[PDB]
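The chain below stands alone and is given in structure tokens; this is the form deposited in one PDB entry.
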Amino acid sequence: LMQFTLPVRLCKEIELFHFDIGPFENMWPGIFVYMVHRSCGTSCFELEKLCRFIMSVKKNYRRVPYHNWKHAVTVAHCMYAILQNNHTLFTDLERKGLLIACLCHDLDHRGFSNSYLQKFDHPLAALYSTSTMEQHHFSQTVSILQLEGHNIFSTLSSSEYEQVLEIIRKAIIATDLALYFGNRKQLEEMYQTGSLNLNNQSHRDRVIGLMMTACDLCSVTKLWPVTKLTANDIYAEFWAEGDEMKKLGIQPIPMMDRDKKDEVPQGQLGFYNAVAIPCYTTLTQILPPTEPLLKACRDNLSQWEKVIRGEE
């Protein structure tokens, strides 16, 4: 059969958490199929259906600065790394569902936060009162799965199919950062009181949610030059939102105001300390082989501190 292979540098470095998928768009589908084959098997999906699914997913990502097809694939690679370093903890259905969830988790993203959609009074804010974009991303995932020749799950039973779509829904909902704070707090408590129990479905859900946040934030876990250039894409979306807030007659919060670039370094410190570090710390406590993500994050916090001290 037809094993996808990569050049030697990619074959070795794709196994590492800090891997950057590179600027050759045309290689990213192949990078994804390689990861499915190694974390799932050559059998998980029919190649022709999987290829057709990947290509319609790509088409449904938009040409925005950060929440684009490259982000999709980047987030899926981080899930691949977590799965490969924790071979025996995940069911075959989770292996399958999680890479698809990550490839799909920001489908048809327009570059604007849930909060901007609510203030603009976007139709999606009326259809989905919370996790507005994330409910949209899951809705777009089901759509594509229902196109002719795109059902990559069609060898599963009614009930395996329902389970896998339910893993994908929860995984995508979990990428709403508003929900991450309480999820991590609960997991911190369950880890520390010793009640964390991976046979408890509602515990597993919490642990997959945190993995989803970890993958989603994974630019903070790269080599500093990747982290730093990705930060420019992130703020290029936020500042456009800032502009659109000003057009609605609303002074945007400082992290979205282009006239306050000054405050970016300090806004990065808050983000690493309030969000990223706590995220990878709890993750590393529950899944110890994910420690390199926490180590790379702390490395990047220390680079932002150097930027503040004018050494960078």
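In this text, rigid core is short for the largest set of C-alphas that superpose within 1.5 Å between two forms. The first residue of the sequence shown is number 1, and the count goes up from there. Residues that one form lacks are left out of the comparison.
- Remark: stretch with higher mean C-alpha B factor among 266-274 and 253-261 is 253-261.
- Comparing the deposited coordinates for 1-9 and 302-310, the stretch with the larger average C-alpha B-factor is 1-9.
- Of the residues listed, 213, 74, 227, 192, the entry assigns the biggest Cα temperature factor to 192.
- Note on the listed residues 105, 222, 95, 136: the highest Cα temperature factor in the record is that of 95.
- Compared with the other modelled residues of the chain, the Cα B-factor recorded for residue 57 ranks in the lowest third.
- In the deposited entry, the Cα temperature factor of residue 196 sits in the top third of values across the chain's modelled residues.
- Per the deposited record, the Cα B-factor of residue 39 falls in the highest third when ranked against the other modelled residues of its chain.
- In this PDB entry, residue 245 carries a Cα temperature factor that places it within the middle third of its chain's modelled residues.
- Compared with the other modelled residues of the chain, the Cα B-factor recorded for residue 27 ranks in the middle third.
The same protein also has a form deposited in another entry, omitted here; what follows describes it.
- Core-superposed comparison between the shown form and the other one: the CA of residue 295 stays below a 2 Å shift.
- Once the rigid core is overlaid between the shown form and the other one, residue 15 does not reach a Cα shift of 2 Å, moving by less than that.
- Shifted stretches between the shown form and the other one, defined as 3+ consecutive common residues each with a CA displacement of 2 angstroms or more after rigid core fitting, are listed in sequence order as 1-9, 22-26.
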